[PDB]
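**Student:** PDB entry and its sequence, pasted below:
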Amino acid sequence: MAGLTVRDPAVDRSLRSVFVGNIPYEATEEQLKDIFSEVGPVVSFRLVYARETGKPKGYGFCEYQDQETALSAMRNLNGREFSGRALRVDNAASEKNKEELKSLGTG
């Protein structure tokens, strides 16, 4: 990306992570797992839900094993209908999407 030396590995992790939205409340993390695996190898992922009934908020994130694989998700999954809801997949490293993660309370 920048082409600069980075000592913080969290930067590369953020770059290879994406922010996923428009997730059906009927969808599970296991269903999302499959959706993510269609793109490529995955490190981690989470679906954020309301701490009450358990109903998903429809937002989460996915960490891929490669930054280009994460970009492939942004290419493929972003705008792709998932059980009625067209998924939004952005770069988690983006300030806006990080603030969205803060709103979700993921860190």
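**Tutor:** Thanks, I have it. Residues are numbered from 1 along each chain as shown.
**Student:** count the neighbours of the residue lying closest to residue 24 once chain neighbours are set aside for me.
**Tutor:** Computed as Cβ to Cβ, 6 or more residues apart in numbering, the closest residue to residue 24 that is not its neighbour in sequence is residue 83, at 4.6 Å. Where C-beta positions appear, they are placed from N, C-alpha and C, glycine not excepted. Residue 83 is flanked by 12 other residues according to other Cβ atoms under 10 Å.
**Student:** report how many residues lie close to residue 103.
**Tutor:** Neighbour number of residue 103 under other Cβ under 10 Å is 11.
**Student:** wait, doesn't residue 47 sit right on residue 62?
**Tutor:** No. With contact defined as Cβ atoms under 8 Å, residue 47 does not reach residue 62; the gap is 9.7 Å.
**Student:** the two: who's more crowded?
**Tutor:** Neighbours per residue (other Cβ under 10 Å) separate residue 47 from residue 62, with residue 62 holding more: 26 against 22.
**Student:** residue contacts, that one?
**Tutor:** For residue 62, the contacting residues are 17, 18, 20, 32, 36, 42, 44, 45, 70, 73, 89, by Cβ atoms under 8 Å, 6 or more residues apart in numbering.
**Student:** any figure for the gap between the residue nearest to residue 24 and residue 56?
**Tutor:** For residue 83, the distance to residue 56 equals 12 Å [Cβ to Cβ, to the nearest Å].
**Student:** need the overlap of contacts for the two.
**Tutor:** Common contacts of residue 83 and residue 56 (Cβ under 8 Å, 6+ apart): 24, 27.
**Student:** name the SS class of the residue nearest the centre of the chain, please.
**Tutor:** Against the mean C-alpha coordinate of the chain, by Cα atoms, centre = their mean, the closest residue is residue 61 at 2.6 Å. Classification of residue 61 using DSSP: H, G, I helix; E, B strand; the rest coil returns strand.
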